[PDB]
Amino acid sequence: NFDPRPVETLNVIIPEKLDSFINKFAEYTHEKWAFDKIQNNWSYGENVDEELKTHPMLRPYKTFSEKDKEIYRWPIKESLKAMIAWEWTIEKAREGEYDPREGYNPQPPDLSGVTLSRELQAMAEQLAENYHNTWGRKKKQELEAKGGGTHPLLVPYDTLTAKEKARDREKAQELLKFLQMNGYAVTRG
């Protein structure tokens, strides 16, 4: 009887002082996506070709227009809005701490060495559940409107295994690790 109710974010205002953080994390997200592709032998080219391993976004984040940068900034703002709607605190407290291929070579920092406390891991789980509920509500509405069938992910988040949760968990964890790496103190208040 899955009724996904993600937290309301539409009227949530992100403080302007977080814009630099949003930009840094968007570039990081791009660099990580680009790194994985370039190491999997993908390269720049006008078209998105699965066979020839080519993608037009395999270029520096600096070369993207502001509207194009929204491919990355938009999901980041949505995450931040959810954290703000829950009255979590996000405050800067510290200083913001392989084969070289042909052309673009992004070297993003490794977030495997960034450790999350029990509290931040619980917070990542709450963000992950919200990603599941956001997608779930959107999917349920799409299927209802477009007369579609069903989907195995249209079930409560707490009925999923650790592996089924991994994608949303890793997205939430990457955000809290980057926040921590950049000197932000994040709490549930």
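Don't overthink the numbering: it's just position in the shown sequence, from 1.
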Legend entry - Interresidue gap class [residue 97, residue 98; deposited sequence, unmodelled]: 10 or more
Legend entry - Between 127 to 135 and 54 to 62 (mean CA B-factor, as deposited), the higher: 54 to 62
Inset, instruction - Would you tell me which stretch averages the higher CA B-factor in the PDB entry, 43 to 51 or 63 to 71? - result: 43 to 51
Legend entry - Per the PDB entry, maximal CA B factor within 18, 176, 10, 166: 10
Inset, instruction - Quick one: which of 117, 105, 79, 89 shows the highest Cα temperature factor in the PDB entry? - result: 105
Legend entry - Chain-wide C-alpha B factor ranking for residue 38, given as lowest, middle or highest third: highest
Legend entry - Chain-relative CA temperature factor third for residue 156: lowest
Legend entry - Lowest, middle or highest third - CA B-factor, residue 141: middle
